[PDB]
4 protein chains.
Amino acid sequence: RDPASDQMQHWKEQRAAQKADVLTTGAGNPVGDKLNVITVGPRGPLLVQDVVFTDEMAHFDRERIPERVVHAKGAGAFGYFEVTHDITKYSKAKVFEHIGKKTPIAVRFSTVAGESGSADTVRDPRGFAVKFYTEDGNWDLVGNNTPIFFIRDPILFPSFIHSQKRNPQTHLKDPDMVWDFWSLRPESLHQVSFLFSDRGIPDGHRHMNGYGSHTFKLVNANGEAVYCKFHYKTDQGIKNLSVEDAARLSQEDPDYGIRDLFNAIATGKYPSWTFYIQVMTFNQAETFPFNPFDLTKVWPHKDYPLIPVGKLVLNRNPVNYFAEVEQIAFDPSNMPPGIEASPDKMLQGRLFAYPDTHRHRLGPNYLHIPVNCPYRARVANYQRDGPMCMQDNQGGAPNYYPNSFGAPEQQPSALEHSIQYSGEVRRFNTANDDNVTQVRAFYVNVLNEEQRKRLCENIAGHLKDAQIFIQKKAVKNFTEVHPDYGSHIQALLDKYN
Amino acid sequence: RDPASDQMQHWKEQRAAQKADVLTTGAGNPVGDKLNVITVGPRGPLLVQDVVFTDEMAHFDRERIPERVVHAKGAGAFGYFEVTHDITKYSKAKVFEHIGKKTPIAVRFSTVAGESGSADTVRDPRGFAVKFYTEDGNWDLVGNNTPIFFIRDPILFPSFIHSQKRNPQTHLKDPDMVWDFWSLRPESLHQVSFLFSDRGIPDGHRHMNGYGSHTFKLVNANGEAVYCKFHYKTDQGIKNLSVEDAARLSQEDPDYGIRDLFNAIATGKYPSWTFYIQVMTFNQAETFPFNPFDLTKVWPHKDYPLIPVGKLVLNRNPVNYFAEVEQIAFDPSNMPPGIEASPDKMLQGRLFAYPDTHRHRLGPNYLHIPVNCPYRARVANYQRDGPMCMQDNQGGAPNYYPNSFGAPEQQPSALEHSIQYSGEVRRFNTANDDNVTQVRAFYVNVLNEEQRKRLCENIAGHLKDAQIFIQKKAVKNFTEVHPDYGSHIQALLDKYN
Amino acid sequence: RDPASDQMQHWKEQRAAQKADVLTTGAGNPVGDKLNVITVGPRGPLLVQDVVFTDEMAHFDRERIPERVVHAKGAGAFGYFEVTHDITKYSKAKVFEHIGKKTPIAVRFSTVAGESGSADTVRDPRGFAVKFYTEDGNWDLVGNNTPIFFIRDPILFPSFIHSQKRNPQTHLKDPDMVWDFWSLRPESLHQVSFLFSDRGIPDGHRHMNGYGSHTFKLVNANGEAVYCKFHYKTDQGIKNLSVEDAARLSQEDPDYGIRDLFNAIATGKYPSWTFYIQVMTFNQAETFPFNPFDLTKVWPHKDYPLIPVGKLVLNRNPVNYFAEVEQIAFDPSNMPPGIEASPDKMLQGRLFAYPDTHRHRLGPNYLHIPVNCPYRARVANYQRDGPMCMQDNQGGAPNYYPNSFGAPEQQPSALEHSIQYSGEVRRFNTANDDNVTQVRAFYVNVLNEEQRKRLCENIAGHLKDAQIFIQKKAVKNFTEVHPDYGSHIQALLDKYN
Amino acid sequence: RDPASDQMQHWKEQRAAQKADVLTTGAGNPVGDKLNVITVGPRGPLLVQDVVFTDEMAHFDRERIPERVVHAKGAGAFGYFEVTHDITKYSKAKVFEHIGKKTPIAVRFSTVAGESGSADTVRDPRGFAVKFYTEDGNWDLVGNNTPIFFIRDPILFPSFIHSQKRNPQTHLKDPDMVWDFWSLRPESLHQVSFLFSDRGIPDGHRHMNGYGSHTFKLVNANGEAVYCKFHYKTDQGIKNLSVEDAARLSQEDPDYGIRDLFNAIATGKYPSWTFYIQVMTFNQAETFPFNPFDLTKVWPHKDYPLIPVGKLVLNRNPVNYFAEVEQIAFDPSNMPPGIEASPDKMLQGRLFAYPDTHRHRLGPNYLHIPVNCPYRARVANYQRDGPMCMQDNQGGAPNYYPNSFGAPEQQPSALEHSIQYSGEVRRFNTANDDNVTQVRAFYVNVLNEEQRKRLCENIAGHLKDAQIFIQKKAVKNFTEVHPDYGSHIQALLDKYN
Ligand code: HEM
């Protein structure tokens with residue numbers, strides 16, 4: 001059998017030659033018998049003094065935590081990030097200090113819209129989150145398998161996710177909800193085209209690219225700032241499932257990506273990604289034809305070539321899935337000195353959203369969870385007492401700042417990069433921005449004829465379930481991108497009806 | 001399209017001729033714009049004074065509650081229970097007072113081992129929980145589609161569920177775990193045979209029986225007590241999917257039972273179940289060949305014929321699934337006067353487990369949730385203040401008992417039925433009880449030859465993935481039930497290997 | 001006896017002539033007996049089937065919610081706000097629509113630093129929070145009994161509160177912590193002088209003023225904006241306890257303000273406050289000698305006279321304290337159209353802090369708690385499912401925006417007031433701003449000689465416990481305010497040592 | 001100054017000669033500046049990218065956990081338990097294995113009815129809880145400063161505590177509630193007499209006795225069982241405050257017992273208690289004049305002399321109060337092999353109540369909190385995944401029992417002691433048991449004349465606030481105990497009226 005199937009037998013074999021441990025309660029008291037309950041004779045009622053029973057049961061009743069509101073179904077792995085090139089001119093980050101420096105990483109792969117228990121091999125954006133345990137605290141690159149997203153304003157994210165998930169009355173997937181949203185929000189055409197292309201259903205997590213997707217800000221030691229996009233492309237090469245194979249695997253193995261990643265790491269075939277960046281100067285940002293902070297746009301490779309930085313290798317599988325993968329938390333706000341946020345509205349919304357949801361899901365002190373702890377750095381601050389505190393709580397150190405007792409002091413070299421912003425403080429409309437230019441480019445330059453045909457059949461297959469007016473609004477947006485794109489979908493829809 | 005698909009269009013049509021409501025914050029303040037966020041000009045960072053954003057997002061970040069530790073995937077419906085026969089001689093329950101009395105009910109159907117997002121059409125026991133809103137408080141008949149269960153002691157339940165669910169390292173379904181447990185616990189042969197028969201994969205929730213499974217105690221107005229088993233058999237008739245059809249539906253519609261029940265109720269075809277009981281006297285209980293409180297045994301129909309009581313009709317679909325189906329809580333401890341627990345160890349464990357898990361999942365004041373409230377009864381007690389209290393909290397009434405200020409008094413007619421139990425207070429072993437007699441009866445009397453063949457192929461298909469020694473231990477137990485049963489499985493396993 | 005003592009007798013008298021209600025479980029099942037537990041004979045162990053016991057106990061074990069991190073000890077009352085003057089030229093708020101309009105209000109009084117169970121009559125700032133149930137959602141004026149605060153940057157608030165509360169090792173009040181913070185942060189001199197004056201220990205909650213303390217922004221229907229300060233001065237007149245009387249009442253009645261407010265409202269003597277505003281134009285704000293948004297400064301009455309608006313009357317006592325006073329939540333972010341935030345940094349920090357802590361303390365759906373609900377307004381939005389949801393959860397309405405099914409639409413008349421802000425986006429230092437001018441004014445103009453002497457003895461009495469260097473740093477700041485102020489404290493400190 | 005006041009200066013002195021640590025976020029990222037917030041220029045609104053602010057504030061907003069429903073105000077200390085005598089003939093507990101064996105202990109002192117922030121020096125039962133970190137898991141002796149309690153049935157405990165605490169409408173202490181309960185429940189006369197004697201207000205926590213109060217069951221290695229009462233009497237001697245001194249200290253130092261214990265341990269004067277037991281055989285239990293498991297009765301010293309076991313010394317003060325004292329959890333159910341529960345109904349109720357409330361207060365995994373962990377024992381079991389899991393979660397070990405992979409096995413030597421109980425399973429009334437015999441003994445044998453007078457004045461002082469009929473019912477119960485007791489109270493009450 002595969003290594004995944006032989007988990008229990010491998011556990012037994014690695015612990016052979018030693019006697020079984022004593023079964024205890026949570027409080028360490030030895031259990032006399034855990035197969036029977038205390039009764040008033042053979043056919044009598046259960047006693048309250050059955051403390052072993054009520055402890056076991058009470059813990060069983062409290063096993064479930066809330067699943068992630070998005071990216072619930074997921075797969076986890078560990079390894080390191082190795083620097084291969086010098087980018088110290090761009091960033092002063094300790095993760096990029098010198099060549100050959102290895103930082104430990106934790107990664108989680110996921111499907112955006114699926115719940116815990118949903119099939120792996122389905123058409124959906126794949127999450128690709130990376131947690132770098134840097135000497136200057138944790139760095140969380142929370143990325144996707146696509147360089148763009150559907151929307152460009154963060155106030156629409158809850159709407160988008162509600163449309164992608166189940167109907168609130170029926171509890172069913174509603175193509176009506178999905179295509180109503182997408183047809184009303186035509187800045188999703190670019191991400192929709194990528195999603196309904198061949199790379200919508202990647203063959204596992206080893207054969208997909210990863211992107212930061214956002215513009216980030218690199219600051220060097222001299223204090224100069226540039227703009228960046230992170231790319232981590234697969235070294236195993238891009239590889240996708242057909243719709244038929246994906247549909248078969250959905251019933252055969254709904255845990256295809258968990259099994260694939262576990263077996264790959266267990267057999268020694270460590271998957272690797274090459275870490276690239278694009279650099280954009282402030283003058284180039286001002287003279288960019290589009291908004292360079294627009295999450296629905298990319299930076300073309302001819303104008304902005306990829307600069308290699310290092311490689312990501314995953315070599316260690318999780319010991320316990322719940323402890324290492326279910327409880328891992330990735331905060332985009334976790335950025336070490338040298339890396340900062342850009343004015344990208346979406347990124348600004350993510351800076352709030354993640355720590356908030358982590359406090360709900362995991363709890364106030366979620367950063368004390370081992371996988372979340374910045375173990376390669378020293379944390380000292382005036383943050384004290386909350387629920388489930390599993391440190392000394394910084395002992396008897398003064399808990400106010402400023403003070404006169406040598407408590408932790410602010411480091412002035414870790415200040416943010418200052419910038420002058422123009423305009424009023426109000427709500428600016430971005431719905432009416434360019435929605436079709438880069439989509440047309442992708443359609444008529446990147447895709448070939450058979451790829452265009454498959455893209456159109458995939459869209460038409462999903463969109464046929466929507467109402468007629470929604471089909472018309474969607475096809476109109478596809479026609480505005482390119483007339484062949486719209487006409488081919490319309491022809492297939494007419495066939496389907 | 002089917003009624004399920006037209007939820008949104010039906011919502012719009014029923015609310016036609018009125019203008020759209022004003023979009024407000026949670027605090028009722030009108031929202032000026034909810035498509036854009038406040039920035040420092042067109043390409044500026046997000047402001048904290050964007051209260052509309054942070055409210056929306058904060059609520060989105062806290063949408064998920066913990067799924068049920070078991071029976072997570074589920075389907076909900078509402079209707080009534082109509083009394084057709086007089087059983088007042090057996091029970092003094094207000095639910096059974098007089099003929100033609102209608103009590104409102106809430107029902108939830110489920111699969112035991114599947115998570116939220118798992119396929120509906122899979123081989124698993126189906127949950128069939130019924131909440132009767134009686135004048136003497138709520139009655140929760142928390143039943144299954146099988147009259148028995150796998151185990152007879154409640155301390156093994158967490159072990160059983162852990163074996164049925166995912167491996168703690170790999171996060172995969174482990175046939176090794178499933179069949180190791182079942183082979184080591186041979187009192188599961190009866191439930192295993194039922195599960196791997198044709199009724200393992202029922203065609204939706206309308207075409208399955210329901211059983212209390214436990215022995216309950218009926219007390220009449222005179223104070224005499226008897227033993228009972230609740231049966232609710234389908235009026236639509238038993239109907240099952242083939243393995244191939246089930247496997248197809250798993251990828252086609254993972255929400256087959258939700259869709260089926262919604263469409264059935266929406267089109268007017270209300271499903272109905274006929275409520276039966278078996279009665280067992282205390283002398284018959286003492287002279288029963290088996291333990292009558294053993295959850296792995298049934299009461300044979302020749303010795304204990306079914307007595308009709310009434311019918312269960314489901315006529316109303318949930319308005320909002322989360323509010324009515326996700327948040328509904330069924331407590332087996334919720335039993336009105338006339339209905340009591342028997343010495344069945346399993347039932348004794350359920351009396352603790354459910355209210356405990358409900359306090360974790362939903363919260364301390366989960367009985368204030370509308371679907372959980374005993375709205376057809378008046379609650380008055382000395383239970384005060386907890387989190388998320390949404391009543392007057394019983395206003396300024398004295399909060400201690402006894403008192404001298406006319407606070408709620410105990411009703412002496414609602415006392416429990418007293419019984420003398422013999423034997424020591426200790427742990428009695430029940431693993432070595434009869435495990436094969438009723439299993440043999442079922443195999444050679446109920447099943448025909450082609451049903452026996454399908455049963456053997458279904459078991460062999462699942463058990464082939466287990467290690468050789470586990471296969472041998474399982475086949476041994478099947479051989480001890482019946483040699484043809486064991487030999488046929490063994491032949492198929494040898495073919496599979 | 002006083003009305004407060006006769007709560008139980010009044011309850012009995014108002015419910016005379018009717019029989020006591022039936023004592024039920026939470027699920028509405030009648031309790032047979034609630035004075036004894038089920039045992040295996042007279043001297044036998046307790047049974048698990050004692051469901052009445054375990055329900056009662058389980059609820060008792062979950063009674064406590066987290067106290068407010070600040071303003072834990074508090075007193076609650078209800079009444080109305082009556083408009084007496086027209087300020088429609090300044091604000092378009094429905095609360096100020098027309099003369100004679102009554103809006104229901106909820107008020108909570110409190111002590112900032114005391115825990116639940118601490119003495120009422122102590123030297124501390126008093127909280128004075130007002131919740132207006134306006135037709136345009138709730139308005140929460142979360143004020144103090146002082147027009148200023150200790151600090152002007154919100155990042156120092158957790159430090160300030162930690163210094164005011166107990167030592168993290170000893171769990172004792174530390175004058176060392178208090179005066180170290182205050183001596184290092186000399187912008188607290190103004191609030192410190194007010195706190196150690198006679199109005200530090202008001203005689204109950206009826207004899208104290210209330211202030212918004214922050215600059216707010218009033219917007220009229222025409223779209224013009226001005227700046228505002230809310231004052232609500234007592235109609236019963238300012239009245240204070242001596243240090244000796246306060247010290248006596250601390251042991252005699254630690255619940256002096258709860259008793260005083262309950263008896264005042266119960267006897268019919270309804271306390272009232274007159275609602276005033278100060279108005280500041282944008283040109284006056286630019287030409288103000290100080291920062292007009294500085295929370296340590298006031299607007300002098302000669303330059304900015306008080307403009308009457310209406311009166312606040314409290315006429316109704318809470319029915320249940322836990323439900324109405326412990327669970328009430330005041331969000332400064334809850335502001336109806338016509339009222340907005342100013343650039344005051346402190347106010348900006350409060351816009352985040354309150355809804356965050358409310359989600360922790362009360363829970364995600366704390367706005368469904370009756371006292372927190374905007375019952376005089378209609379809430380409709382795309383916020384769905386969280387823990388302890390006690391509404392229909394907006395039934396089957398579309399849960400995404402924008403949509404094509406007539407779901408709630410944004411109201412363009414409720415947009416925020418736009419303003420152009422100059423300068424870089426960075427951290428600006430405000431520690432080095434004016435700290436002594438208005439403090440000197442207060443000391444030598446408002447206070448008389450005997451008031452100056454009492455102020456100095458109160459400061460010296462508290463500050464004597466601090467270390468010598470902290471005393472010197474504090475006296476230096478007092479000397480920089482005024483040499484007589486510093487010299488008098490120093491003389492008293494030398495006497496104390 | 002005293003050691004308690006010099007906590008900060010001692011912290012600075014012990015950390016002299018090293019530079020201050022770097023101030024970091026929770027994620028370990030260095031903070032550039034934590035005195036100012038990011039604004040749009042000097043007088044601009046706060047930015048969302050102020051991640052340092054929102055992290056600090058978010059943690060500050062979640063500092064409070066729920067206080068203990070009882071014994072909220074408390075004081076904590078650490079030390080060891082030294083065995084001085086051999087009781088191996090009575091118990092096989094590892095804590096009592098051999099002479100000179102030191103087990104580490106954690107102790108918490110408390111007042112039953114006071115909230116967090118209430119005065120220490122008040123008339124109330126004092127809690128005296130001891131947590132022994134034994135090699136066979138934790139042992140929690142959760143005791144009081146009195147050998148008895150007010151009630152003998154655990155279903156009345158929530159009523160008793162509600163009566164002792166604040167009125168649900170007024171939020172005030174109600175003598176009406178207190179004396180109504182006590183007058184209706186005359187089995188409280190014994191504990192009431194002890195409480196209103198001189199030992200009602202002990203002088204700190206060092207000058208009070210400690211009692212288990214319950215009958216426990218000692219089992220030896222041979223398998224014979226006896227009954228036990230634990231006594232731990234002070235080596236510093238019993239010492240009490242007068243009513244006047246206590247009333248003074250209530251305003252002067254509400255944290256008198258925290259200060260006293262901190263200074264005592266800090267100066268080196270380690271307080272000590274001598275551990276005694278009483279032994280009662282099963283034949284003596286059957287022939288005892290009273291119920292030997294009655295919590296309102298004691299075992300007289302002439303019939304049952306004290307047997308020395310060892311001494312309890314407290315030598316270490318808590319480093320951080322929140323982490324070590326607020327979060328410490330004591331479970332009476334935590335009993336190592338050799339120590340078991342008796343049929344005492346109260347003890348039976350405590351076996352359920354404590355682990356339930358701990359899951360609410362601290363969380364599901366509260367035993368992972370360092371102070372609660374059984375660090376001197378090895379815990380291995382089939383309890384997995386809950387919120388805030390801070391272990392490996394037992395890695396990849398099989399999570400079901402029984403299994404075939406060498407997972408932890410039950411130890412048959414840790415079985416409970418079996419006993420045959422007679423009688424029906426129902427509710428037996430114990431309200432009508434003897435209530436006055438031992439109370440009379442205490443009154444006329446233990447107390448002298450001036451002690452009797454002070455007892456009567458203390459009762460009369462508290463009871464004067466109750467209504468006339470409650471005074472009459474209370475005095476009647478005191479008269480039934482002894483006519484001089486009742487007549488003296490009545491005379492003082494008549495004087496007070
Ligand atoms: C039916 C009887 C009783 C019930 C239901 C009960 C219940 C409780 C509860 C719920 C707590 C709060 C624990 C926490 O949340 O941390 C508690 C604390 C406490 N109880 Fe009891 N109790 C009972 C009887 C007694 C008796 C008889 C004693 C002493 C002889 C006692 C001593 C204490 C002490 C000392 C604490 C505080 C423990 C600590 O230091 O954290 N209780 N009890």
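Within every chain, numbering begins at 1; the chains are lettered A, B, ... in the order of the sequence lines, protein sequences first and strands thereafter.
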Largest heavy-atom contact set with chain C, pairs under 4.5 Å, which of B:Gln348, B:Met335, B:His59: B:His59

Top of B:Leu35, B:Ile65, B:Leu362 for chain C proximity - count of heavy-atom pairs under 4.5 angstrom: B:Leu35

Minimum heavy-atom separation for C:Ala27 and B:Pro374, please, with both atom names. O-CB, 3.3 Å

Roughly how far, to the nearest 0.5 Å, is CG of B:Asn334 from OG1 of C:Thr25? 6.5 Å

Quick one: of C:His368, C:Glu324, C:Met390, C:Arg64, who has the most non-hydrogen atom pairs under 4.5 Å with chain B? C:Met390

Ranked by heavy-atom pairs below 4.5 Å to chain B, first place among C:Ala377, C:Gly26, C:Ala58 goes to C:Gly26

What option among B:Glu326, B:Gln18, B:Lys12 has the most heavy-atom pairs under 4.5 Å with chain C? B:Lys12

Ranked by heavy-atom pairs below 4.5 Å to chain C, first place among B:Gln410, B:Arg376, B:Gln9 goes to B:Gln410

Give the minimum heavy-atom separation between C:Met8 and B:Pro398, together with the two atoms involved. CG-CG, 4.3 Å

Under 4.5 Å, counting heavy-atom pairs only, tell me which of C:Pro30, C:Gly363, C:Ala20, C:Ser413 racks up the most with chain B. C:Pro30

C:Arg378 side chain reached by B:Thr24 side chain, heavy atoms, under 4.5 Å: no

Sort by residue number and list every member of residues 414-422 of chain B having a non-hydrogen atom under 4.5 Å from chain C. B:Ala414, B:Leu415, B:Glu416

Identify which part of C:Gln327 has an atom lying under 4.5 Å from any heavy atom of chain B, answering side chain, backbone, both or neither. side chain

Heavy-atom distances under 4.5 Å only: say whether B:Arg15 touches chain C with side chain, backbone, both or neither. side chain

With chain C, which of B:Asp55, B:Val48, B:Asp331 has the greatest number of heavy-atom pairs at distances under 4.5 Å? B:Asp55

For B:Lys92, salt bridge (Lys or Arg N to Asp or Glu O under 4.0 Å) partners two or more places apart: none

Heaviest contributor of heavy-atom pairs below 4.5 Å to chain C, chosen from B:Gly396, B:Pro355, B:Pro318, B:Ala341, is B:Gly396

What distance separates B:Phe352 CZ from C:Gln49 CD, expressed to the nearest 0.5 Å? 16.0 Å

Any chance you could measure C:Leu23, atom CG, to B:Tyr382, atom OH, to the nearest 0.5 Å? 6.0 Å

Under a 4.5 Å heavy-atom cutoff, which of C:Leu347, C:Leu351, C:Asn381 has the most pairs with chain B? C:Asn381

Is chain C contacted by the side chain of B:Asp136, its backbone, both, or neither, given a heavy-atom distance below 4.5 Å? both

Which atoms of B:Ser404 approach chain C - backbone, side chain, both or neither, heavy atom under 4.5 Å: backbone

So, taking the atom named CZ in B:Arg62 and the one named CG in C:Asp385, what distance separates them when rounded to the nearest 0.5 Å? 14.5 Å

How long is the straight-line distance from CD1 of B:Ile369 back to CE of C:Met388, given to the nearest 0.5 Å? 4.5 Å

C:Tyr401 side, atom OH; B:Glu56 side, atom CD - distance, nearest 0.5 Å: 11.0 Å

Taking every non-hydrogen pair under 4.5 Å, which of C:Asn372, C:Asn365, C:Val425, C:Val52 racks up the most with chain B? C:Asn365

According to side-chain contact (heavy atoms from CB on, under 4.5 Å), who are the partners of C:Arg384, at least two apart in sequence or on a separate chain? A:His162, C:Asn393, C:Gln394, C:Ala397, C:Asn399

What residue in C:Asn138, C:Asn403, C:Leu47 has the most heavy-atom pairs under 4.5 Å with chain B? C:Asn138

Can you name the closest pair of heavy atoms from C:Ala323 and B:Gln391 and give their distance? CB-O, 4.4 Å

Check: B:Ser333 side chain, C:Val51 main-chain N or O, donor-acceptor pair, under 3.5 Å: no

B:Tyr133: ring-ring contact (aromatic ring centres under 6.0 Å, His included) partners, not counting sequence neighbours: B:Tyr375

Per-residue contact mode, B:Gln7 against chain C (heavy atom under 4.5 angstrom): side chain

Contacting moiety of B:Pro337, where chain C heavy atoms sit under 4.5 Å: side chain

With only heavy atoms counted, which part of B:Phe405 is less than 4.5 Å from chain C, the side chain, the backbone, both or neither? both

Taking all non-hydrogen atoms of both residues into account, name the closest pair between C:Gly386 and B:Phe322 and its distance. O-CE2, 3.3 Å

